[PDB]
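A.B. asks: My structure is stored as coords_23.pdb, with PDB, C-alpha atoms.
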ATOM      1  CA  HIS A   1     -34.617  24.044  11.538
ATOM      2  CA  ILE A   2     -36.756  25.376   8.620
ATOM      3  CA  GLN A   3     -38.901  28.280   9.857
ATOM      4  CA  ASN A   4     -41.551  28.863   7.198
ATOM      5  CA  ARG A   5     -43.238  27.723   4.115
ATOM      6  CA  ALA A   6     -41.616  30.227   1.741
ATOM      7  CA  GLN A   7     -38.201  29.034   2.840
ATOM      8  CA  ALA A   8     -39.206  25.334   2.646
ATOM      9  CA  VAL A   9     -40.316  25.898  -0.986
ATOM     10  CA  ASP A  10     -37.076  27.693  -1.933
ATOM     11  CA  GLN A  11     -35.095  24.886  -0.440
ATOM     12  CA  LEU A  12     -37.264  22.231  -2.187
ATOM     13  CA  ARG A  13     -36.652  24.052  -5.474
ATOM     14  CA  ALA A  14     -32.892  24.199  -4.878
ATOM     15  CA  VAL A  15     -32.779  20.454  -4.180
ATOM     16  CA  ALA A  16     -34.822  19.741  -7.383
ATOM     17  CA  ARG A  17     -32.374  21.900  -9.360
ATOM     18  CA  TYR A  18     -29.344  20.082  -7.922
ATOM     19  CA  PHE A  19     -30.719  16.652  -8.763
ATOM     20  CA  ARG A  20     -31.879  17.747 -12.200
ATOM     21  CA  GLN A  21     -28.314  18.982 -12.866
ATOM     22  CA  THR A  22     -26.433  15.991 -11.496
ATOM     23  CA  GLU A  23     -28.905  13.077 -11.921
ATOM     24  CA  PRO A  24     -31.459  14.322 -14.512
ATOM     25  CA  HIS A  25     -33.154  10.985 -15.176
ATOM     26  CA  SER A  26     -33.272   9.564 -11.664
ATOM     27  CA  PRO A  27     -36.351   8.807  -9.565
ATOM     28  CA  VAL A  28     -35.067  11.345  -7.000
ATOM     29  CA  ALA A  29     -34.931  14.064  -9.642
ATOM     30  CA  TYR A  30     -38.390  13.177 -10.956
ATOM     31  CA  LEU A  31     -40.014  13.071  -7.474
ATOM     32  CA  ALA A  32     -38.340  16.222  -6.201
ATOM     33  CA  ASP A  33     -39.573  18.038  -9.304
ATOM     34  CA  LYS A  34     -43.148  16.781  -8.821
ATOM     35  CA  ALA A  35     -42.967  17.689  -5.133
ATOM     36  CA  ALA A  36     -41.918  21.203  -6.191
ATOM     37  CA  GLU A  37     -44.848  21.494  -8.602
ATOM     38  CA  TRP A  38     -47.213  20.380  -5.767
ATOM     39  CA  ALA A  39     -45.697  23.045  -3.465
ATOM     40  CA  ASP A  40     -46.844  25.929  -5.716
ATOM     41  CA  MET A  41     -50.674  26.544  -5.769
ATOM     42  CA  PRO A  42     -51.150  23.831  -8.368
ATOM     43  CA  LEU A  43     -54.970  23.310  -8.128
ATOM     44  CA  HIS A  44     -55.559  26.978  -9.010
ATOM     45  CA  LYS A  45     -53.537  26.706 -12.264
ATOM     46  CA  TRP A  46     -55.049  23.333 -13.178
ATOM     47  CA  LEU A  47     -58.649  24.596 -12.748
ATOM     48  CA  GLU A  48     -57.875  27.644 -14.818
ATOM     49  CA  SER A  49     -56.589  25.298 -17.581
ATOM     50  CA  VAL A  50     -59.642  23.021 -17.301
ATOM     51  CA  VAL A  51     -61.972  26.042 -17.687
ATOM     52  CA  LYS A  52     -59.971  27.527 -20.604
ATOM     53  CA  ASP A  53     -60.404  24.128 -22.262
ATOM     54  CA  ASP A  54     -64.230  23.792 -21.716
ATOM     55  CA  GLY A  55     -64.579  27.424 -22.960
ATOM     56  CA  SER A  56     -67.888  27.902 -21.168
ATOM     57  CA  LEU A  57     -70.104  26.954 -18.240
TER      58      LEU A  57
ATOM     59  CA  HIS B   1     -24.979  26.896  -1.799
ATOM     60  CA  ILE B   2     -25.641  23.118  -2.447
ATOM     61  CA  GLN B   3     -22.066  21.705  -2.679
ATOM     62  CA  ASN B   4     -22.280  17.914  -2.498
ATOM     63  CA  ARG B   5     -24.818  15.149  -2.738
ATOM     64  CA  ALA B   6     -24.902  14.295   1.003
ATOM     65  CA  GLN B   7     -25.930  17.914   1.619
ATOM     66  CA  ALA B   8     -28.708  17.829  -1.059
ATOM     67  CA  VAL B   9     -30.072  14.642   0.573
ATOM     68  CA  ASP B  10     -30.001  16.385   4.031
ATOM     69  CA  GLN B  11     -31.830  19.415   2.699
ATOM     70  CA  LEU B  12     -34.305  17.140   0.970
ATOM     71  CA  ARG B  13     -34.886  15.224   4.265
ATOM     72  CA  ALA B  14     -35.403  18.437   6.223
ATOM     73  CA  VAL B  15     -37.931  19.634   3.619
ATOM     74  CA  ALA B  16     -39.773  16.295   3.928
ATOM     75  CA  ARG B  17     -39.787  16.732   7.720
ATOM     76  CA  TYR B  18     -41.159  20.276   7.409
ATOM     77  CA  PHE B  19     -44.036  19.353   5.075
ATOM     78  CA  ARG B  20     -44.797  16.110   7.006
ATOM     79  CA  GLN B  21     -45.185  18.241  10.157
ATOM     80  CA  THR B  22     -47.047  21.249   8.627
ATOM     81  CA  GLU B  23     -49.112  19.750   5.814
ATOM     82  CA  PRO B  24     -49.196  16.042   6.743
ATOM     83  CA  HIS B  25     -50.400  13.700   4.004
ATOM     84  CA  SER B  26     -50.433  16.408   1.326
ATOM     85  CA  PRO B  27     -49.021  15.742  -2.177
ATOM     86  CA  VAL B  28     -45.891  17.738  -1.349
ATOM     87  CA  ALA B  29     -45.158  15.852   1.919
ATOM     88  CA  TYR B  30     -45.677  12.486   0.227
ATOM     89  CA  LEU B  31     -43.524  13.263  -2.840
ATOM     90  CA  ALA B  32     -40.764  14.869  -0.866
ATOM     91  CA  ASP B  33     -40.694  11.925   1.548
ATOM     92  CA  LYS B  34     -40.678   9.481  -1.358
ATOM     93  CA  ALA B  35     -37.858  11.417  -3.044
ATOM     94  CA  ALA B  36     -35.909  11.218   0.250
ATOM     95  CA  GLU B  37     -36.464   7.431   0.367
ATOM     96  CA  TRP B  38     -35.356   6.949  -3.274
ATOM     97  CA  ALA B  39     -32.295   9.208  -2.932
ATOM     98  CA  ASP B  40     -30.351   6.384  -1.239
ATOM     99  CA  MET B  41     -31.205   3.887  -4.054
ATOM    100  CA  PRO B  42     -28.104   3.408  -6.262
ATOM    101  CA  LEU B  43     -28.057   3.553 -10.093
ATOM    102  CA  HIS B  44     -27.467  -0.201 -10.380
ATOM    103  CA  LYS B  45     -30.693  -0.770  -8.448
ATOM    104  CA  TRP B  46     -33.130   1.793  -9.950
ATOM    105  CA  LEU B  47     -32.145   1.307 -13.558
ATOM    106  CA  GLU B  48     -33.824  -2.139 -13.357
ATOM    107  CA  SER B  49     -36.502  -1.498 -10.705
ATOM    108  CA  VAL B  50     -38.153   1.448 -12.455
ATOM    109  CA  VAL B  51     -38.897  -0.786 -15.472
ATOM    110  CA  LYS B  52     -39.298  -4.133 -13.700
ATOM    111  CA  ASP B  53     -41.784  -6.263 -15.663
TER     112      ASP B  53
END
Turn the structure described in the file into structure tokens.

C.D. replies:
Amino acid sequence: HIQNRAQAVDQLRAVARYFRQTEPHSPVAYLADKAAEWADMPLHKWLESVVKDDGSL
Amino acid sequence: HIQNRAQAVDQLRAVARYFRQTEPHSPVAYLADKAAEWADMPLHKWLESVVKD
């Protein structure tokens, strides 16, 4: 019974933290971490970095 | 508040269910589901399977 997205993300981040702490090098740690990065407006940041890199239009 | 592994796996599964339902077939749903699948794989299995040639 997870009610909203904000709470789902917090909980995803807590799970990633746990597995990082107890099984740092596992698949489950790696995937949970990548899931967490995909939960957090990641196309915005990426585009910004692509543009910064081109330097111009 | 995460106090044992079984509980981390349950939270992980519930997160997978939430993103599956709300943002089906998004990167987050896929990765969280896949993490939930691989959470039950023991060390003696994944240590070889990750680098199977």

A.B. asks: Can you pull out the residues contacting residue B:36? Cut-off 8 Å, using all atoms listed in the file, and skip same-chain residues under 6 positions away; I want them as a ChimeraX atom specification.

C.D. replies: /A:28 /B:9,12-13,16

A.B. asks: Please return, as a count of residues only, all residues of chain B lying within 6 Å of chain A when only C-alpha atoms are considered.

C.D. replies: 8

A.B. asks: Name the closest residue to residue B:17 among the candidates B:34, B:4, B:52, B:41; distances are taken between atoms, counting all atoms listed in the file.

C.D. replies: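 When distances to residue B:17 are compared using all atoms listed in the file, the smallest one comes from B:34.
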
A.B. asks: Determine the axis-aligned bounding box of all atoms of stretch 11-30 of chain B present in the file, pad each side by 4 Å, and express its centre and edge lengths in Å to one decimal place as AutoDock Vina command-line options.

C.D. replies:
--center_x -41.1 --center_y 16.9 --center_z 4.0 --size_x 26.6 --size_y 16.8 --size_z 20.3

A.B. asks: Please measure the separation of atom CA of residue B:18 and atom CA of residue A:6, giving the value in Å to one decimal.

C.D. replies: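 Answer for the atom CA of residue B:18 to atom CA of residue A:6 separation: 11.5 Å.
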
A.B. asks: To one decimal place in Å, what is the distance between atom CA of residue B:21 and atom CA of residue A:47?

C.D. replies: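 Computing it gives 27.3 Å between the two atoms.
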
A.B. asks: Please indicate the distance in Å from atom CA of residue A:21 to atom CA of residue B:51, rounded to one decimal place.

C.D. replies: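 That distance, rounded to one decimal, is 22.6 Å.
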
A.B. asks: Since the input lacks some atoms of stretch 13-30 of chain B, please model N, CA and C atoms and print them as a short mmCIF file (atom, residue, chain, number, x, y, z; two decimals), keeping the file's coordinate frame.

C.D. replies:
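Below is the file part07.cif, written as the result:
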data_model
loop_
_atom_site.label_atom_id
_atom_site.label_comp_id
_atom_site.auth_asym_id
_atom_site.auth_seq_id
_atom_site.Cartn_x
_atom_site.Cartn_y
_atom_site.Cartn_z
N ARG B 13 -34.31 15.83 3.04
CA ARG B 13 -34.89 15.22 4.26
C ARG B 13 -35.53 16.22 5.24
N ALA B 14 -34.89 17.37 5.38
CA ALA B 14 -35.40 18.44 6.22
C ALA B 14 -36.67 19.05 5.63
N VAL B 15 -36.72 19.20 4.32
CA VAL B 15 -37.93 19.63 3.62
C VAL B 15 -39.10 18.65 3.83
N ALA B 16 -38.83 17.36 3.62
CA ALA B 16 -39.77 16.30 3.93
C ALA B 16 -40.26 16.41 5.36
N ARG B 17 -39.37 16.62 6.32
CA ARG B 17 -39.79 16.73 7.72
C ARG B 17 -40.68 17.95 7.90
N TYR B 18 -40.34 19.08 7.28
CA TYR B 18 -41.16 20.28 7.41
C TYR B 18 -42.57 20.06 6.86
N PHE B 19 -42.70 19.45 5.70
CA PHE B 19 -44.04 19.35 5.08
C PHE B 19 -44.87 18.25 5.74
N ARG B 20 -44.21 17.18 6.17
CA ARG B 20 -44.80 16.11 7.01
C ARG B 20 -45.44 16.73 8.26
N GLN B 21 -44.70 17.60 8.93
CA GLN B 21 -45.18 18.24 10.16
C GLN B 21 -46.27 19.28 9.87
N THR B 22 -46.12 20.11 8.82
CA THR B 22 -47.05 21.25 8.63
C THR B 22 -48.24 20.95 7.75
N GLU B 23 -48.05 20.11 6.73
CA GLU B 23 -49.11 19.75 5.81
C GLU B 23 -49.08 18.24 5.63
N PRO B 24 -49.31 17.50 6.74
CA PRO B 24 -49.20 16.04 6.74
C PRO B 24 -50.12 15.44 5.72
N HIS B 25 -49.62 14.42 5.03
CA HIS B 25 -50.40 13.70 4.00
C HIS B 25 -50.93 14.56 2.87
N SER B 26 -50.17 15.62 2.52
CA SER B 26 -50.43 16.41 1.33
C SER B 26 -49.57 15.81 0.22
N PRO B 27 -49.90 16.09 -1.06
CA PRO B 27 -49.02 15.74 -2.18
C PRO B 27 -47.56 16.14 -1.99
N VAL B 28 -47.29 17.34 -1.51
CA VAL B 28 -45.89 17.74 -1.35
C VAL B 28 -45.15 16.92 -0.28
N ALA B 29 -45.78 16.68 0.86
CA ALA B 29 -45.16 15.85 1.92
C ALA B 29 -44.86 14.46 1.43
N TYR B 30 -45.86 13.83 0.80
CA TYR B 30 -45.68 12.49 0.23
C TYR B 30 -44.51 12.37 -0.80
#
